[PDB]
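K.L.:
Before I ask anything, here is the structure I am working with.
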Amino acid sequence: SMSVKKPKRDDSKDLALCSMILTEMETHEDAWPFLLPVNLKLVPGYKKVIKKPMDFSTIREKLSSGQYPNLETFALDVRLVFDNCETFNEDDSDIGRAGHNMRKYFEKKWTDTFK
């Protein structure tokens, strides 16, 4: 409350560390469905169904231009990529499995870096 604060967690490395995680997600062999925005002209249904499209290249641009206020808003966009994937793709598809694999990969790096 006013003039009463928990001890200050060092967030000075968070930008660099999110960048490193994102590099590791970009270079994973199963990243290919997520590297670029889904083409809304060429994928029927996507525009209407997926209200907030997100992909690794958009996260990279937001990260590089100071559009994440804190490390949690960064994690919310990464998770949005996988939530969108599950919304649109069957679990038993190459893309559906890719999304599950990457969400696991992310969540481990996230816990190991920050928790």
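K.L.:
Got at least one residue in region 18-33 being touching a residue at least 24 places away in the same chain (Cβ under 8 Å), in a loop (DSSP other than H, G, I, E, B), of a type in the set (A, V, I, L, M) and touching a helix residue (DSSP H, G or I) at 6+ places or on another chain (Cβ under 8 Å)?
P.N.:
Looking for residues that are touching a residue at least 24 places away in the same chain (Cβ under 8 Å), in a loop (DSSP other than H, G, I, E, B), of a type in the set (A, V, I, L, M) and touching a helix residue (DSSP H, G or I) at 6+ places or on another chain (Cβ under 8 Å), one finds at least one in region 18-33, hence yes.
K.L.:
Name every residue in region 55-79 that is out of contact with any helix residue (DSSP H, G or I) (no Cβ under 8 Å at 6 or more places or on another chain) and closer than 17 Å to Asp30 by Cα, in order of residue number.
P.N.:
Answer for region 55-79, where residues must be out of contact with any helix residue (DSSP H, G or I) (no Cβ under 8 Å at 6 or more places or on another chain) and closer than 17 Å to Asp30 by Cα: just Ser57.
K.L.:
Can you name the helices (runs of 4 or more DSSP H) wholly within region 36-115 that have at least 1 residues being of a type in the set (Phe, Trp, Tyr) and more than 11 Å from the chain's Cα centre (by Cα)?
P.N.:
The helices (runs of 4 or more DSSP H) meeting that bar are 46-49, 71-88, 94-114.
K.L.:
Of (1) touching a residue at least 40 places away in the same chain (Cβ under 8 Å); (2) under 16 Å from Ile21 (Cβ atoms), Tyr46 satisfies all except one. Which?
P.N.:
Of the numbered conditions (1) touching a residue at least 40 places away in the same chain (Cβ under 8 Å); (2) under 16 Å from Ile21 (Cβ atoms), the odd one out for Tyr46 is (2).
Cβ coordinates were reconstructed from backbone atoms using ideal geometry, including for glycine residues, and neighbour counts include every protein chain displayed. Here, each number is a calculation from the coordinates, and none is a lab measurement.
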